[PDB]
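**Q** Give me a 3D structure for the following:
(one chain, ligands or ions: 3)
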Amino acid sequence: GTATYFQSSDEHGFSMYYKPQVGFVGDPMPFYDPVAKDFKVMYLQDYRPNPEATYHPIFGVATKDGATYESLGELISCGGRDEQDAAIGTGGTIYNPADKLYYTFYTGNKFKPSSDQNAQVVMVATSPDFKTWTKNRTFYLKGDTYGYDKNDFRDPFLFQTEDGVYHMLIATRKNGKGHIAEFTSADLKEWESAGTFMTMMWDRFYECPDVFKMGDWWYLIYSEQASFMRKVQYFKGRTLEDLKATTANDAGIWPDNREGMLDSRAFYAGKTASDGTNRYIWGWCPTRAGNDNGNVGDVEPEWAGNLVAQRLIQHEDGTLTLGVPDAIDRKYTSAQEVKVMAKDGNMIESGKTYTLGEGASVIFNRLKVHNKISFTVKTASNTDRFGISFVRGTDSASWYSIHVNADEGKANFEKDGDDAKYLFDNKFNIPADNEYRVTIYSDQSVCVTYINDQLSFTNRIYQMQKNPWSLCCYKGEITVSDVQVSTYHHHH
Ligand SMILES: [Cl-]
Ligand SMILES: [Cl-]
Ligand SMILES: [Zn+2]
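**A** Numbers count the residues shown, from 1 in each chain. Ligands and ions are numbered 1, 2, ... in the order given. Here you go:
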């Protein structure tokens, strides 16, 4: 009925983009449990603030589908203040059918290490049922034992190849240069160094590496540590040696025309797992200081937030994009009436289509709490620009928009209105036919925008829930059609 701004909040609760009752979701460690036939997503549990020295214990959630989550609680606790794993960093899980134990390798971060100590050491815990985890008190894998780094030696990724060999990939350095080191084992207990799997481009550092085969392609997914990037990226190759060659001697053989950038700065630490039908990626969407959508960090965003699952889309040429998990899409079952609450500028309404010239905007009726928004936008030219706006009340001085800038080949997240400012961007393939098929899935303040199976754009938008949303044209002219909204909760 109203289209004024309302001060919504996140206390109502999340659902598909999970958050624990207390704290926030840091780096996830997804794993397909071959016995339970579901996904176990371990994750670094973050608190605001964290204790000194002993922080980021490993908690877990279980999910069949990336939409419905069961809390598993604390699984691997921090070591004591003075122990090697006082603070725990990211690792990886794998099942061993020979001894029927789950193995989780992880990073032990020493508090205030001395010259002779290692800031980071890879350690392990096992469990027969995924509920009770037992640390191996004699396993300590040190980078400098094998010529790698004493202090950067982290994020172990585990996979078993078809020949039965277990592989562990660890993000580290050799003589300062970033190296993903490989170790091999027959039993997950005794390990040998296989040298360097891949070097990291230039002075980059690849957090949370993830290597897998999908169809006829091998992939490395990683999260760039460099502050100017802070995005999930990937490389591809038809063979493992082709994959490893993409960065050899800084070759920079990008997998596609966007340096393999899958999402932008509000989706981080993405790693994958497959149930044999779909391969999903789990990452986190950061919180914002003061819950201010325009405070995205001076250098890097805040660390940790909400768990976000996406589905890998493999294209005929082997490139990857991300789409919504089908089970998330199916959560939005309650169709809502779509009504125009406000129009401004040079535009025309043609029934259930709207054509907006430069400067024009249409405001639609208030969203609910967990929303699926869909519509089609056709631009007049391949250099036009349009906006998808949230938290835009008729009385709002500022709001937040995804700018789709066809002339620049990318979508931006920006603050609009008073104190407008560009925040970050997300390159994607512009449609030759100028048609943009848009879907947005939201869960309170977390949403992902998908376009044409090409763009996947996660954003933190506090108070998008229970507030109007809007479409606008910045440059050129657009026609909006087929506007639909469906919600999670059902009313009568
Ligand atoms: Cl809802
Ligand atoms: Cl309900
Ligand atoms: Zn709800």
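
**Q** Residue 437: how many residues sit nearby?
**A** Other residues near residue 437 come to 15 when the count uses other Cβ atoms under 10 Å. No exception for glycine: its C-beta is placed from N, CA and C like everyone else's.

**Q** got a list of what it touches?
**A** Contacts for residue 437 were tallied using Cβ atoms under 8 Å, 6 or more residues apart in numbering; they are 376, 451, 452.

**Q** Kindly provide the distance from it to residue 215.
**A** 24 Å (Cβ to Cβ, to the nearest Å).

**Q** ditto for residue 197
**A** On the measure of Cβ to Cβ, residue 197 and residue 215 end up 21 Å apart.

**Q** who has more neighbours, these two?
**A** residue 197 (21 against 9).

**Q** dump the residue contacts of the more buried one.
**A** For residue 197, the contact set (Cβ under 8 Å, 6+ apart) comprises 169, 180, 181, 182, 211, 244.

**Q** change it to 10 Å
**A** For residue 197, the contacting residues are 157, 167-170, 179-183, 209, 211, 220, 240, 243-244, by Cβ atoms under 10 Å, 6 or more residues apart in numbering.

**Q** Now list the buried members of those.
**A** Buried members of those, counted by 16 or more other Cβ atoms under 10 Å: 157, 167-170, 179-183, 209, 211, 220, 243-244.

**Q** Go through those and name the one nearest residue 285.
**A** For these, the minimum distance to residue 285 (Cβ to Cβ) is 20.7 Å, reached by residue 209.

**Q** What's the separation between the closest one and ligand 1?
**A** 37 Å (Cβ to the ion, to the nearest Å).

**Q** What of residue 31?
**A** Counting by Cβ to the ion, the gap from residue 31 to ligand 1 is 30 Å.

**Q** coming back round to it: which one among the buried ones among the contacts of residue 197 gets closest to ligand 2?
**A** Ligand 2 lies nearest to residue 157 out of those, by Cβ to the ion, at 39.1 Å.

**Q** Double-check that closest one against residue 107; I have them as touching.
**A** No. If you go by Cβ atoms under 10 Å, residue 157 and residue 107 don't touch, sitting 11.5 Å apart.

**Q** Enumerate the residues of the stretch 51-200 of the chain near ligand 1.
**A** Contact residues (Cβ under 5 Å from the ion) of the stretch 51-200 of the chain with ligand 1: there are none.

**Q** who are the neighbours in contact with residue 424?
**A** By Cβ under 10 Å, 6+ apart, residue 424 lies in contact with 230-231, 264-266, 296-297, 301, 411-414, 457, 459.

**Q** Helices of this protein, start to end?
**A** 240-245, 326-329 (DSSP state H).

**Q** JSON lines please, covering those and showing distance to ligand 1.
**A** Formatted as JSON lines, these follow (distance: least, Cβ to the ion, whole Å):
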{"stretch": "helix 240-245", "distance to ligand 1": "42"}
{"stretch": "helix 326-329", "distance to ligand 1": "14"}
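
**Q** Ligand 2 is nearest to which of those helices?
**A** The nearest among those, by Cβ to the ion, is helix 326-329 at 16.5 Å.

**Q** Name the residues that touch that closest one?
**A** 15-17, 63-68, 277-278, 280, 308-311, 323, 370, 372, 374, 439, 441, 443, 448, 450, 486.

**Q** Kindly recompute the last result at 6 Å.
**A** Here helix 326-329 makes contact (Cβ atoms under 6 Å, 6 or more residues apart in numbering) with 16, 65, 66, 67, 441.

**Q** ok, which pair from those is furthest apart?
**A** 65 and 441 (13.8 Å).

**Q** if we can go back for a sec, from the contacts of residue 197, which ones fall inside strands?
**A** 157, 167-170, 179-183, 209, 211, 220 (DSSP state E).

**Q** So what pairs up with the residue lying closest to residue 420 once chain neighbours are set aside in the strands?
**A** Nearest residue to residue 420 in three dimensions, chain neighbours excluded: residue 414, at 6.8 Å (Cβ to Cβ, 6 or more residues apart in numbering). Applying DSSP bridges to residue 414 yields these beta-bridge partners: residue 401, residue 422.

**Q** what sits against residue 414?
**A** Contact analysis of residue 414 by Cβ under 6 Å, 6+ apart lists 401, 403, 422, 423.

**Q** Generate a ChimeraX selection restricted to the buried subset of the residues you listed.
**A** A single ChimeraX command selects the buried members of the contacts of residue 414 (16+ other Cβ under 10 Å):
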select :401,403,423
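
**Q** Now tabulate the contacts of residue 414 in JSON lines and tack on distance to ligand 1.
**A** Shown next, in JSON lines, are those (distance: Cβ to the ion, whole Å):
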{"residue": "401", "distance to ligand 1": "22"}
{"residue": "403", "distance to ligand 1": "26"}
{"residue": "422", "distance to ligand 1": "31"}
{"residue": "423", "distance to ligand 1": "27"}
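
**Q** and which of the contacts of residue 414 is nearest residue 139?
**A** Closest approach to residue 139 among those (Cβ to Cβ): residue 423, at 43.1 Å.

**Q** Next up, the contacts around that closest one.
**A** 296, 413, 414 are the contacts of residue 423 under Cβ under 6 Å, 6+ apart.

**Q** Would you mind giving these as a markdown table with distance to ligand 2 added?
**A** Below are these laid out as a markdown table (distance: Cβ to the ion, whole Å):
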| residue | distance to ligand 2 |
| --- | --- |
| 296 | 33 |
| 413 | 30 |
| 414 | 34 |
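
**Q** Out of the residues you listed, which is nearest to residue 83?
**A** For the contacts of residue 423, the nearest to residue 83 is residue 296 (35.3 Å; Cβ to Cβ).

**Q** Tell me how many other residues surround the closest residue to ligand 2 within the chain.
**A** Scanning the chain for the residue nearest ligand 2 gives residue 489, at 3.9 Å (criterion: Cβ to the ion). By other Cβ under 10 Å, the residues close to residue 489 number 12.

**Q** Please tell me how far it sits from residue 18.
**A** Distance from residue 489 to residue 18, counting by Cβ to Cβ: 17 Å.

**Q** What of residue 172?
**A** On the measure of Cβ to Cβ, residue 172 and residue 18 end up 31 Å apart.

**Q** Same question for residue 280.
**A** 13 Å.

**Q** Same check on residue 482?
**A** Taking Cβ to Cβ, one finds residue 482 at 30 Å from residue 18.

**Q** More neighbours: which of those two?
**A** residue 18 (26 against 13).

**Q** My guess is that one contacts residue 307. True?
**A** Yes. Counting by Cβ atoms under 6 Å, residue 18 touches residue 307, with 4.2 Å between them.

**Q** Bridged to residue 218, which residues?
**A** residue 213, residue 237.

**Q** That one: neighbour count?
**A** 20.

**Q** ok, now which ones touch it?
**A** 237, 240, 243.

**Q** and if we set it to 7 Å?
**A** With contacts defined as Cβ atoms under 7 Å, 6 or more residues apart in numbering, residue 218 is in contact with 236, 237, 239, 240, 243.
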